[PDB]
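Undergrad: Residue numbers (the deposited numbering): 5 to 76, 89 to 569.
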Amino acid sequence: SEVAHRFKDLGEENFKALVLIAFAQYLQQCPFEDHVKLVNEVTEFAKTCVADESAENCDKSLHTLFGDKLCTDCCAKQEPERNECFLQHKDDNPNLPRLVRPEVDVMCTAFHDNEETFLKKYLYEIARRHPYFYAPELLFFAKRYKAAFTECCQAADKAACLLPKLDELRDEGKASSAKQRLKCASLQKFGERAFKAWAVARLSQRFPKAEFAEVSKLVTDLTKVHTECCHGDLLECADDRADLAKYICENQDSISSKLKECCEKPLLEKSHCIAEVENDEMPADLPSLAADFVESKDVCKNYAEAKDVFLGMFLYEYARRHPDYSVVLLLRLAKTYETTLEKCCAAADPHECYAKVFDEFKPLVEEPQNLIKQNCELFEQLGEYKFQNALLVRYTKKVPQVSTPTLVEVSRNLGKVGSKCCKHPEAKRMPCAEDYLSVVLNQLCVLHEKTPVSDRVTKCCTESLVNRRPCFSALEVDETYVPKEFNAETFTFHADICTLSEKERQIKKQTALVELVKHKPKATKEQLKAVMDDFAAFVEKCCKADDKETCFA
Ligand SMILES: N[C@@H](Cc1cc(I)c(Oc2cc(I)c(O)c(I)c2)c(I)c1)C(=O)O
Ligand SMILES: N[C@@H](Cc1cc(I)c(Oc2cc(I)c(O)c(I)c2)c(I)c1)C(=O)O
Ligand SMILES: N[C@@H](Cc1cc(I)c(Oc2cc(I)c(O)c(I)c2)c(I)c1)C(=O)O
Ligand SMILES: N[C@@H](Cc1cc(I)c(Oc2cc(I)c(O)c(I)c2)c(I)c1)C(=O)O
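1. Determine the contact status of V40 and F70, defining contact as a CB-CB distance below 9 angstroms.
2. Would you check whether ligand 1 has a heavy atom nearer than 8 angstroms to the C-beta of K195?
3. Is DSSP giving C559 helix, strand or coil here?
4. Any chance the CB of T506 is under 8 angstroms from a heavy atom of ligand 4?
5. Mind checking whether the beta-carbon of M329 lies closer than 8 angstroms to any heavy atom of ligand 3?
6. Which word fits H146, buried or exposed, when buried means at least 16 other C-beta atoms lie within 10 angstroms of its C-beta?
7. Compare the Cα-Cα distances from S470 to each of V415, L347 and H535 and report the closest residue.
8. Mind reading off the beta-carbon distance from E6 to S65? Whole number of angstroms is fine, and I expect it under 8 angstroms.
9. Please work out which residues of its chain come closer than 7 angstroms, Cβ to Cβ, to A335, disregarding the five sequence neighbours upstream and downstream, and give them in chain order.
10. Given this structure, state the Cα-to-Cα distance separating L250 from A511, to the nearest angstrom.
11. Relative to ligand 2, what is the chain-ordered list of residues with a Cβ closer than 6 angstroms to any of its non-hydrogen atoms?
12. Any idea if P282 is buried or exposed, counting beta-carbon neighbours within 10 angstroms, 16 or more meaning buried?
13. What does the alpha-carbon distance come out to for the pair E252 and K378?
14. Would you check whether ligand 1 has a heavy atom nearer than 8 angstroms to the C-beta of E292?
15. I'd like to know if the region 425-436 and the region 455-469 are in contact, where contact means that at least 3 CB-CB pairs between them fall below 8 angstroms.
16. Please list the terminal residues of the continuous alpha helix (DSSP H) segment that includes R218.
17. Quick one: any contact between the region 231-242 and the region 256-265, if contact means 3 or more CB pairs under 8 angstroms?
18. Report the option in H367, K557, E383 and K525 whose CA atom is closest to the CA atom of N405.
19. Suppose contacts are defined by Cβ-Cβ distances below 9 angstroms. Is residue 573 in contact with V344 by that definition?
20. Go ahead and pull the three-state DSSP assignment for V310.
21. Verify whether the separation of the beta carbon atoms of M329 and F228 is less than 9 angstroms.
22. Apart from the five residues just before and just after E531, which ones in its own chain have a Cβ nearer than 7 angstroms to its Cβ?
23. For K524, is the beta carbon positioned less than 8 angstroms from some heavy atom of ligand 3?
24. Less than 9 angstroms between the beta carbons of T47 and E100, yes or no?
25. Three or more C-beta pairs closer than 8 angstroms, one from the region 441-452 and one from the region 493-501: is that the case here?
26. Considering just the uninterrupted stretch of the alpha helix (DSSP H) at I264, what are its terminal residues?
27. Are the beta-carbon atoms belonging to residue 85 and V455 less than 9 angstroms from one another?
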């Protein structure tokens, strides 16, 4: 039996949580109650299989079981086509209601009146809005979410204790989702081979002292864990994630010094911990890379006898000595290395042909460096809000066909690079910036994939996982774009508009700015400020009031 094996390892609590998440991700539109029913049914059925390893239907596969239940065009089919159906029907932007939170004491009352149905509610909502959310990590946020309500609903003030914590979680939860969406995207659209180079390059940075073989073993287990979680096999994903966490801590000494504090904590915590660990200290005198990848006379021989192992060696060796290069950059270097060998090892005298492969890197290393230097200087010179606005105008012209809400969302997140990275030293800026930029653009890419409207976004998105950022950066203002005429329905007055927060106000104003740019693409930074300021003054006066709606009329 498979259901039992899992129930035993994950324990009932997690098992119920994971199954609930699994369904909420497969059916983002079904009510909360209905899902619980399906869970409990599945949960009981497994307990029998825990007692009777030979009971009825315990020989099934998690997919068939979960499949059948969810079925009480996709269902009219069978395993595995039937599963690939639900996976293929996951929505990255469901038409689901805005997730607002009632009055503090309101939530607090229900957190007590029923603590379980409260958490399942959380997991339910989060899973359904982020159909790819890393299940194991969700269990982490769930416990931290719980901790909040148990400590904050029992204090002098609550909306000063709780809320602040509910803010940080939503944010951290939004980054975790985006971060995991890129991993799923990498596996699916580009294959695991692509994901393996990625994890190899990154773990080698985190763990410079680990010998290549250890990094391989970790990349392997890691690829398995993420494949499962991205494929909807949550129960096994969690189980495998825990085994991996256990392996890491045991061999901790041959991996990284930073794992010490991580390893001493409860399962959920140390897994999250291991995932966020700082790079270990890099070893001192490491032989020059050239010696074995350029000067050696067996380069071409090793490339043929074992390309996969050799290129891996290359990535591993280059990454471990470059914690200052973004993962995507190291992959571009890896790729150039491969291209230069593929051609060189056929020509007359290979050694001469690829003797200058490092020279071809310089160009690829500086392009990222400069861009990061410029927008950090710009950042300081404008502040986050002003900074996002400049990106907003820049990107709106590159891809004017993209819908307003998306452009605002994406631009804002691209704008956060500035505050999130620039406060770091050059040495740590590029990996922070470029790897973060890659996550945001994946958002653009996945949202855009639903209802495509720009072949320029499509090309940059599907052409190469590694060049996306440079691809978007290179884009010139789209001239084939025809000015979007004035609607006005966009600015229909609404009472809320006058009692908004700073966050809210900036968002409307950025929405207004995109519409402005989509309307007059040939505008100047100067005349855009003019139209904005006047319109900002207009809304400010009309909010002064009297018969407001008459004012905005
Ligand atoms: N900035 C990147 C770099 C990074 C990627 C991976 I791949 C990784 O290996 C794990 C191991 C476990 I265990 C997890 O639960 C997860 I998620 C990732 C680690 I460490 C760091 C990121 O954090 O995505
Ligand atoms: N006034 C500067 C010009 C400049 C404007 C922007 I807006 C900017 O920000 C981005 C961020 C990303 I991410 C991109 O892909 C691109 I293209 C531009 C940067 I850096 C520089 C000068 O003349 O030096
Ligand atoms: N139609 C929306 C409400 C809405 C009204 C206005 I008037 C508006 O336009 C601006 C322009 C600037 I410039 C501002 O600083 C601000 I605040 C609002 C926007 I965007 C939205 C609804 O019904 O939901
Ligand atoms: N008389 C014009 C109509 C017109 C109305 C507005 I109100 C306006 O100003 C803004 C300000 C912002 I801020 C926007 O995002 C947008 I779209 C338009 C402009 I320019 C033109 C005609 O019919 O030709």
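Backbone N, C-alpha and C define an ideal beta-carbon position, used for all residues, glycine too.
TA: Per the coordinate set shown:
1. no
2. Because some heavy atom of ligand 1 lies under 8 angstroms away, the Cβ of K195 counts as near it: yes.
3. helix
4. yes
5. Result no, Cβ not under 8 angstroms from ligand 3.
6. buried
7. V415
8. 6 angstroms
9. In chain order, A217, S220, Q221 and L346 place their CB closer than 7 angstroms to the CB of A335, counting only its own chain and leaving out the 5 sequence neighbours on each side.
10. 44 angstroms
11. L387, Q390, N391, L394, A406, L407, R410, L430, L453, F488 and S489
12. exposed
13. 43 angstroms
14. Under cutoff, so the answer is yes.
15. Counting C-beta pairs with one atom in each stretch, the region 425-436 and the region 455-469 have three or more that are closer than 8 angstroms, which means they touch.
16. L178 to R222
17. yes
18. Ranking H367, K557, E383 and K525 by CA distance to the CA of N405 puts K525 first.
19. The chain is shown only over 5 to 569; residue 573 falls outside these bounds and no answer can be derived.
20. Under the three-state reduction of DSSP output, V310 falls in the helix class.
21. yes
22. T420 and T506
23. yes
24. no
25. Result no; under three Cβ-Cβ pairs closer than 8 angstroms.
26. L250 to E266
27. Missing from the coordinates is residue 85; the shown part of the chain jumps over it, going from 76 to 89.
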